[PDB]
């Protein structure tokens, strides 16, 4: 099954893999233009479970890893640079485990390598929400998204907040069978030992105020990877790449410029 993708520019290819609920579109407001300006070719796409595949259920991390590998193969861009956030970083991580040959280097944002407690609490709360059929009223849904994705410093800034709240109406997230199944595409065991075998250079970025995937969990992924290093962005919540795009793009671009394709 083909997944929608958007292909931009020419040059060294970078494939972006969004987190749970994110269409490939998530990368265009803040990442793609900056990468096109530094000379890369950018590929974004709709993970299984999103848009045209939003009714897909019963798929797994392995399915999604295969979807990603197939995309890289179908476009004849092996090995590609990869940028992943959360579920997307986990997909990248697992891709490097089974097909290290498709990936030259990667940036992994807001990631983790095991089924830690925070993740367990998140799994349960989200699954429960789905299984109850309860609809959160809109302002209450928007307030939770604010509290979970943004830093302290952002909530203090009355202009920004009015944009984030405007931004939420432009970015609806529909409760679908696909979104539910994406919830399972996360570590269920300790994957750190399997990451010890990944040769590729890797930047892990932790966001300082991230409550969904706390920063220290990315440091555990970076420590495991022989060629991994850890970097922390201050004043960024879980949507750090949207909230501090300059700091995060500068970090990724410096790292990708230091490394061979």
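Positions refer to the first chain, counted from 1.
>> So, looking at the entry's B-factor column for Cα atoms, which has the higher mean, 202-210 or 189-197?
In response: It is 189-197 that shows the higher mean C-alpha B-factor.
> Looking at the deposited entry, does 17-25 or 244-252 carry the larger mean Cα B-factor?
Replying inline: The recorded data point to 244-252.
> Based on the PDB record, which member of 141, 101, 126, 184 exhibits the highest Cα temperature factor?
Replying inline: In the PDB entry, the greatest C-alpha B-factor among 141, 101, 126, 184 is found at 101.
> According to the deposited entry, which of 43, 52, 34, 56 has the largest Cα B-factor?
Replying inline: Out of 43, 52, 34, 56, the record gives the largest C-alpha B-factor to 56.
>> Ranking the modelled residues of this chain by C-alpha B-factor as given in the entry, is residue 179 in the lowest, middle or highest third?
In response: For residue 179, whose C-alpha B-factor we compare with every modelled residue in the chain, the answer is the lowest third.
>> What third of the chain does residue 105 rank in for C-alpha temperature factor, lowest, middle or highest?
In response: Lowest third, going by the recorded CA B-factors of the chain.
> If you rank every modelled residue in this chain by C-alpha B factor, which third holds residue 171: lowest, middle or highest?
Replying inline: For residue 171, the deposited C-alpha B-factor lands in the middle third.
> Of the three thirds of its chain by CA temperature factor, lowest, middle or highest, which one includes residue 159?
Replying inline: It belongs to the highest third of the chain when residues are ordered by C-alpha B-factor.
>> Lowest, middle or highest third: which one holds residue 62 when the chain's residues are ordered by CA B-factor from the entry?
In response: Its C-alpha B-factor belongs to the highest third of this chain's values.
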